[PDB]
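*Asks:* Structure provided below as structure tokens; questions to follow.
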Amino acid sequence: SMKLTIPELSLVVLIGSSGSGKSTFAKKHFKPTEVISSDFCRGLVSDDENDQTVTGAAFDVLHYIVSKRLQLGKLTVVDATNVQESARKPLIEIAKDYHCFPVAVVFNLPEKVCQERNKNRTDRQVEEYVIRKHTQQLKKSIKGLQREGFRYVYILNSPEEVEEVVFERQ
Amino acid sequence: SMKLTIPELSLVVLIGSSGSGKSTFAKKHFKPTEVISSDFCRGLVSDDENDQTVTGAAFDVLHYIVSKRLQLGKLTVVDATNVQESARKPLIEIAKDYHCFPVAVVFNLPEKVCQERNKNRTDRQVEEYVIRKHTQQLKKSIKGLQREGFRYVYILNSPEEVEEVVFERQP
Ligand SMILES: Nc1ncnc2c1ncn2[C@@H]1O[C@H](COP(=O)(O)OP(=O)(O)O)[C@@H](O)[C@H]1O
Ligand SMILES: Nc1ncnc2c1ncn2[C@@H]1O[C@H](COP(=O)(O)OP(=O)(O)O)[C@@H](O)[C@H]1O
Ligand SMILES: [Mg+2]
Ligand SMILES: [Mg+2]
């Protein structure tokens, strides 16, 4: 197995292009209420999970929810792309605020995989361009993650590694 | 039927004792995303919709989601007991902030009706004094609702009346 160790209380930040398998993975490994997704929050504020114009409002809600969960000592997983340092920054700050370990889980997959998964989605397929951009942003992000403040940085380099993941707590 | 007319830009506040059929009613009449419930918010912040220790955080979250929705011009229904004036006040204020009409839908049913439904619930049952207290607080609330800032006050007086409700946009 690919064992990924996390404290019983931590902020797990999933990092991956659209189509890399973040939501599927989060559902496999965590309780439904431990996962806050940006899609879900777009739905909460707008009725429409695919409404790209309510991003700011959705993340405000996501951030505030994360804040409450850490305040109360609840393990939390952020299901969003998180490929831009600017998106990760507030999460680290929140985890810092509540003295919680931020943990990076990176879906470092070949663009080609995300593109073909995207091609076969039945919900919201994105433009190829989006995944080209996300993937390159992800690639430029890996090096600096530890310095950004992530206490553990876990990089998954193939679907075979992702599939063999097991989280050990403590 | 019993037609309740609301504008497209409404904050619909359900007001009813535990066991009065608020959540059931909300699911029947509104889109899933239109309904924000205190139970659901308890789950968001605690993993547990029945967790009574997290009230402050849950209602903080509910109020924030409400404000974001009304700011975006999205109809919203608050699914919480709402029998205390102090509960209703922050909701009214948020609605006014974004030029939204606060609408009260009141489940003015006999205590016995809720007590009986309560004993049959599978999700979580409350002690009898809870429903007795809610019903008395509700009955004491009715007269003053319009004055509190609700633009339309709809009082439903029996399970028959509740069952016959149809919402019409005003719009
Ligand atoms: N391990 C996997 N192998 C093959 N297909 C997958 C895998 N994980 C997810 N998918 C599929 O790829 C698409 C993207 O998955 P999803 O979890 O929605 O990714 P994301 O949340 O990162 O956009 C979905 O159609 C999903 O069913
Ligand atoms: N019209 C009705 N007749 C009989 N039982 C009902 C009716 N509406 C709701 N119930 C039941 O009563 C219980 C309380 O309903 P619910 O909508 O959860 O109330 P609340 O949300 O106000 O606590 C549930 O078990 C529900 O199935
Ligand atoms: Mg997803
Ligand atoms: Mg309910």
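Going by the structure tokens order, chains are called A, B, ..., each with residues numbered from 1, while ligands are numbered from 1 in the order shown.
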Can you list every residue in region 14-164 of chain B that DSSP puts in strand (DSSP E or B), as a ChimeraX atom specification?
*Replies:* /B:14-15,35-37,76-79,101-107,152-156
*Asks:* Restricting the output to N, CA and C atoms, write the selected residues as an mmCIF file, in the first residue's frame.
*Replies:*
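The resulting result_1.cif:
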data_model
loop_
_atom_site.group_PDB
_atom_site.id
_atom_site.type_symbol
_atom_site.label_atom_id
_atom_site.label_comp_id
_atom_site.auth_asym_id
_atom_site.auth_seq_id
_atom_site.Cartn_x
_atom_site.Cartn_y
_atom_site.Cartn_z
ATOM 1 N N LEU B 14 -39.581 29.274 7.990
ATOM 2 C CA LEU B 14 -40.504 28.309 8.559
ATOM 3 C C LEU B 14 -40.506 28.469 10.078
ATOM 4 N N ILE B 15 -41.689 28.448 10.670
ATOM 5 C CA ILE B 15 -41.828 28.631 12.100
ATOM 6 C C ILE B 15 -42.735 27.525 12.585
ATOM 7 N N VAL B 35 -33.236 25.229 0.361
ATOM 8 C CA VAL B 35 -33.522 24.969 1.769
ATOM 9 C C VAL B 35 -32.248 24.892 2.599
ATOM 10 N N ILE B 36 -32.104 25.777 3.573
ATOM 11 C CA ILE B 36 -30.968 25.679 4.477
ATOM 12 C C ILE B 36 -31.481 25.369 5.877
ATOM 13 N N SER B 37 -31.114 24.204 6.401
ATOM 14 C CA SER B 37 -31.661 23.744 7.672
ATOM 15 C C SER B 37 -30.614 23.752 8.779
ATOM 16 N N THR B 76 -34.555 31.750 -0.651
ATOM 17 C CA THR B 76 -33.986 30.907 0.384
ATOM 18 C C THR B 76 -35.052 30.609 1.419
ATOM 19 N N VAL B 77 -35.026 29.383 1.927
ATOM 20 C CA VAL B 77 -35.957 28.953 2.952
ATOM 21 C C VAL B 77 -35.178 28.477 4.152
ATOM 22 N N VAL B 78 -35.457 29.059 5.308
ATOM 23 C CA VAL B 78 -34.774 28.667 6.529
ATOM 24 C C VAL B 78 -35.563 27.614 7.257
ATOM 25 N N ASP B 79 -34.997 26.412 7.320
ATOM 26 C CA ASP B 79 -35.642 25.303 7.993
ATOM 27 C C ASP B 79 -35.059 25.147 9.394
ATOM 28 N N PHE B 101 -37.708 40.150 0.702
ATOM 29 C CA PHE B 101 -38.928 40.129 1.495
ATOM 30 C C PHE B 101 -38.895 38.947 2.442
ATOM 31 N N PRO B 102 -38.985 39.210 3.749
ATOM 32 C CA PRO B 102 -39.126 38.103 4.696
ATOM 33 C C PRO B 102 -40.563 37.623 4.765
ATOM 34 N N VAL B 103 -40.724 36.312 4.622
ATOM 35 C CA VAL B 103 -42.024 35.668 4.624
ATOM 36 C C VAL B 103 -42.074 34.647 5.765
ATOM 37 N N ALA B 104 -43.099 34.737 6.603
ATOM 38 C CA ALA B 104 -43.317 33.745 7.638
ATOM 39 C C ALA B 104 -44.329 32.700 7.187
ATOM 40 N N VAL B 105 -43.950 31.431 7.316
ATOM 41 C CA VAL B 105 -44.891 30.330 7.160
ATOM 42 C C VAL B 105 -44.977 29.620 8.508
ATOM 43 N N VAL B 106 -46.129 29.727 9.157
ATOM 44 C CA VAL B 106 -46.274 29.256 10.536
ATOM 45 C C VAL B 106 -47.067 27.955 10.603
ATOM 46 N N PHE B 107 -46.502 26.968 11.293
ATOM 47 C CA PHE B 107 -47.135 25.670 11.451
ATOM 48 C C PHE B 107 -47.910 25.650 12.752
ATOM 49 N N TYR B 152 -45.066 39.265 4.549
ATOM 50 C CA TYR B 152 -46.235 38.407 4.421
ATOM 51 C C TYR B 152 -46.196 37.361 5.524
ATOM 52 N N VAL B 153 -47.308 37.225 6.241
ATOM 53 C CA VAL B 153 -47.408 36.259 7.326
ATOM 54 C C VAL B 153 -48.456 35.230 6.978
ATOM 55 N N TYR B 154 -48.027 33.984 6.807
ATOM 56 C CA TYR B 154 -48.951 32.919 6.434
ATOM 57 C C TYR B 154 -49.097 31.930 7.575
ATOM 58 N N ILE B 155 -50.301 31.836 8.125
ATOM 59 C CA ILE B 155 -50.520 30.941 9.260
ATOM 60 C C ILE B 155 -51.297 29.712 8.825
ATOM 61 N N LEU B 156 -50.707 28.537 9.007
ATOM 62 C CA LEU B 156 -51.375 27.295 8.643
ATOM 63 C C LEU B 156 -51.906 26.646 9.914
#
*Asks:* Once you count only C-alpha atoms and all ligand atoms, which residues end up within 9 Å of ligand 1, and could you hand them over as a PyMOL selection string?
*Replies:* chain A and resi 14-27+37+79-81+107+113-114+116-125+159-160+162-163
*Asks:* A:50, A:84, A:146, A:10: which is nearest ligand 3, counting only C-alpha atoms and all ligand atoms?
*Replies:*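 Among the listed residues, A:50 lies closest to ligand 3.
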*Asks:* Counting only C-alpha atoms, collect the residues of chain B whose closest atom lies at most 12 Å from chain A, and write them out as number ranges by chain.
*Replies:* B: 30-37, 40-49, 51, 53-76
*Asks:* Counting only C-alpha atoms and all ligand atoms, name the residues that have an atom within 8 Å of an atom of ligand 2; the answer should be given as an mmCIF file with N, CA and C atoms, in the first residue's frame.
*Replies:*
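Generated file (part-v2.cif):
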data_model
loop_
_atom_site.group_PDB
_atom_site.id
_atom_site.type_symbol
_atom_site.label_atom_id
_atom_site.label_comp_id
_atom_site.auth_asym_id
_atom_site.auth_seq_id
_atom_site.Cartn_x
_atom_site.Cartn_y
_atom_site.Cartn_z
ATOM 1 N N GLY B 16 -42.171 26.616 13.371
ATOM 2 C CA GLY B 16 -42.901 25.451 13.829
ATOM 3 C C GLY B 16 -42.154 24.647 14.880
ATOM 4 N N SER B 17 -42.911 24.061 15.795
ATOM 5 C CA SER B 17 -42.361 23.185 16.817
ATOM 6 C C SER B 17 -41.590 22.021 16.201
ATOM 7 N N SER B 18 -40.639 21.472 16.946
ATOM 8 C CA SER B 18 -40.039 20.208 16.545
ATOM 9 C C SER B 18 -41.194 19.273 16.235
ATOM 10 N N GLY B 19 -41.107 18.554 15.123
ATOM 11 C CA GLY B 19 -42.129 17.583 14.768
ATOM 12 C C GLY B 19 -43.348 18.108 14.024
ATOM 13 N N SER B 20 -43.344 19.395 13.674
ATOM 14 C CA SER B 20 -44.486 20.012 12.988
ATOM 15 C C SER B 20 -44.509 19.768 11.476
ATOM 16 N N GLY B 21 -43.401 19.276 10.928
ATOM 17 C CA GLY B 21 -43.361 18.933 9.518
ATOM 18 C C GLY B 21 -42.637 19.954 8.666
ATOM 19 N N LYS B 22 -41.840 20.795 9.312
ATOM 20 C CA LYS B 22 -41.044 21.782 8.597
ATOM 21 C C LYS B 22 -40.190 21.169 7.472
ATOM 22 N N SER B 23 -39.304 20.242 7.827
ATOM 23 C CA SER B 23 -38.366 19.702 6.846
ATOM 24 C C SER B 23 -39.121 18.985 5.711
ATOM 25 N N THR B 24 -40.180 18.261 6.063
ATOM 26 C CA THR B 24 -40.979 17.552 5.073
ATOM 27 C C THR B 24 -41.604 18.526 4.074
ATOM 28 N N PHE B 25 -42.167 19.595 4.616
ATOM 29 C CA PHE B 25 -42.790 20.657 3.851
ATOM 30 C C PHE B 25 -41.781 21.337 2.921
ATOM 31 N N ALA B 26 -40.609 21.657 3.462
ATOM 32 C CA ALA B 26 -39.541 22.304 2.695
ATOM 33 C C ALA B 26 -39.090 21.476 1.499
ATOM 34 N N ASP B 79 -34.997 26.412 7.320
ATOM 35 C CA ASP B 79 -35.642 25.303 7.993
ATOM 36 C C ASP B 79 -35.059 25.147 9.394
ATOM 37 N N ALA B 80 -35.654 25.858 10.348
ATOM 38 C CA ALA B 80 -35.283 25.767 11.759
ATOM 39 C C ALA B 80 -36.562 26.043 12.534
ATOM 40 N N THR B 81 -36.550 25.843 13.847
ATOM 41 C CA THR B 81 -37.787 25.950 14.614
ATOM 42 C C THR B 81 -38.319 27.382 14.594
ATOM 43 N N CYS B 114 -47.735 17.308 17.026
ATOM 44 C CA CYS B 114 -46.283 17.202 16.962
ATOM 45 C C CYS B 114 -45.794 16.151 17.943
ATOM 46 N N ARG B 117 -46.164 12.809 16.206
ATOM 47 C CA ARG B 117 -45.170 12.619 15.150
ATOM 48 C C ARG B 117 -43.784 12.375 15.744
ATOM 49 N N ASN B 118 -43.460 13.115 16.797
ATOM 50 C CA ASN B 118 -42.176 12.977 17.460
ATOM 51 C C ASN B 118 -41.919 11.533 17.896
ATOM 52 N N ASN B 120 -42.809 8.921 16.617
ATOM 53 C CA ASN B 120 -42.654 8.036 15.473
ATOM 54 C C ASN B 120 -41.403 8.300 14.639
ATOM 55 N N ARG B 121 -40.693 9.385 14.929
ATOM 56 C CA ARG B 121 -39.512 9.738 14.145
ATOM 57 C C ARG B 121 -38.472 8.645 14.240
ATOM 58 N N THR B 122 -37.654 8.536 13.200
ATOM 59 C CA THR B 122 -36.563 7.576 13.182
ATOM 60 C C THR B 122 -35.222 8.295 13.287
ATOM 61 N N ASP B 123 -35.209 9.595 13.001
ATOM 62 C CA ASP B 123 -33.953 10.341 12.998
ATOM 63 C C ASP B 123 -33.500 10.753 14.391
ATOM 64 N N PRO B 159 -53.329 20.178 9.840
ATOM 65 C CA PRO B 159 -52.596 19.350 8.876
ATOM 66 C C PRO B 159 -53.287 19.366 7.516
ATOM 67 N N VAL B 162 -52.025 22.576 5.845
ATOM 68 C CA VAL B 162 -50.642 22.396 5.430
ATOM 69 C C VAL B 162 -50.600 21.581 4.142
ATOM 70 N N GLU B 163 -51.392 20.519 4.088
ATOM 71 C CA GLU B 163 -51.348 19.589 2.962
ATOM 72 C C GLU B 163 -51.844 20.229 1.667
#
*Asks:* Pick out the residues sitting within 10 Å of residue 140 (chain B), and hand them over as number ranges by chain; count only C-alpha atoms, and ignore anything fewer than 6 positions along from it in its own chain.
*Replies:* B: 83-85, 134
*Asks:* Please identify all polymer residues within 12 Å of residue 154 (chain A), counting only C-alpha atoms, omitting same-chain residues fewer than 2 positions from it, and present them as a PDB file with C-alpha atoms, in the first residue's frame.
*Replies:*
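File produced: selection_3.pdb:
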ATOM      1  CA  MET A   2       0.909   3.661  -0.230  1.00  0.00           C
ATOM      2  CA  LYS A   3       0.438   4.660   3.407  1.00  0.00           C
ATOM      3  CA  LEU A   4      -0.297   8.313   4.056  1.00  0.00           C
ATOM      4  CA  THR A   5      -0.071   9.300   7.686  1.00  0.00           C
ATOM      5  CA  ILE A   6      -2.217  12.104   9.087  1.00  0.00           C
ATOM      6  CA  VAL A  12      -6.228  17.706   4.268  1.00  0.00           C
ATOM      7  CA  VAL A  13      -5.909  19.781   1.102  1.00  0.00           C
ATOM      8  CA  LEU A  14      -6.440  17.861  -2.165  1.00  0.00           C
ATOM      9  CA  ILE A  15      -4.410  19.280  -5.057  1.00  0.00           C
ATOM     10  CA  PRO A 102      -2.208  21.239   6.984  1.00  0.00           C
ATOM     11  CA  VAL A 103      -1.570  18.214   4.775  1.00  0.00           C
ATOM     12  CA  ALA A 104      -1.109  18.343   1.002  1.00  0.00           C
ATOM     13  CA  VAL A 105      -2.319  15.422  -1.097  1.00  0.00           C
ATOM     14  CA  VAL A 106      -1.224  16.003  -4.686  1.00  0.00           C
ATOM     15  CA  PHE A 107      -2.616  14.200  -7.722  1.00  0.00           C
ATOM     16  CA  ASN A 108       0.508  14.505  -9.836  1.00  0.00           C
ATOM     17  CA  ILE A 142       4.946  20.896  -6.108  1.00  0.00           C
ATOM     18  CA  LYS A 143       8.373  22.274  -5.233  1.00  0.00           C
ATOM     19  CA  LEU A 145       4.465  23.183  -1.014  1.00  0.00           C
ATOM     20  CA  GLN A 146       6.514  22.388   2.095  1.00  0.00           C
ATOM     21  CA  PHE A 150       2.192  22.100   4.592  1.00  0.00           C
ATOM     22  CA  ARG A 151       3.464  19.883   7.436  1.00  0.00           C
ATOM     23  CA  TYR A 152       3.235  16.721   5.339  1.00  0.00           C
ATOM     24  CA  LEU A 156       0.896  10.642  -5.967  1.00  0.00           C
ATOM     25  CA  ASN A 157       2.532  10.070  -9.345  1.00  0.00           C
ATOM     26  CA  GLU A 161      -0.225   4.886  -6.609  1.00  0.00           C
ATOM     27  CA  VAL A 162      -3.463   6.807  -6.009  1.00  0.00           C
ATOM     28  CA  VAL A 165      -3.443   4.848  -0.926  1.00  0.00           C
ATOM     29  CA  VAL A 166      -4.426   4.159   2.657  1.00  0.00           C
ATOM     30  CA  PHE A 167      -4.656   6.852   5.320  1.00  0.00           C
TER      31      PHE A 167
END
*Asks:* Considering only helix (DSSP H, G or I) as DSSP defines it on the backbone, what residues of region 26-135 of chain B qualify? List them as a ChimeraX atom specification.
*Replies:* /B:26-29,32-34,38-46,52-71,85-97,111-120,128-135
*Asks:* Between B:158, B:86, B:108, B:125, which has the minimum distance to ligand 4 (counting only C-alpha atoms and all ligand atoms)?
*Replies:* B:125
*Asks:* Of the residues A:155, A:126, A:138, A:9, which is the one nearest to ligand 3, using only C-alpha atoms and all ligand atoms?
*Replies:*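 That would be A:126, the residue with the smallest distance to ligand 3.
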*Asks:* Distance CA of residue 136 (chain A)-CA of residue 110 (chain A), one decimal place?
*Replies:*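 Going from CA of residue 136 (chain A) over to CA of residue 110 (chain A), I get 10.2 Å.
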*Asks:* Go through A:164, A:78, A:1, A:53 and flag the residue nearest ligand 3, using only C-alpha atoms and all ligand atoms for the distances.
*Replies:*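 Of A:164, A:78, A:1, A:53, the one nearest ligand 3, counting only C-alpha atoms and all ligand atoms, is A:78.
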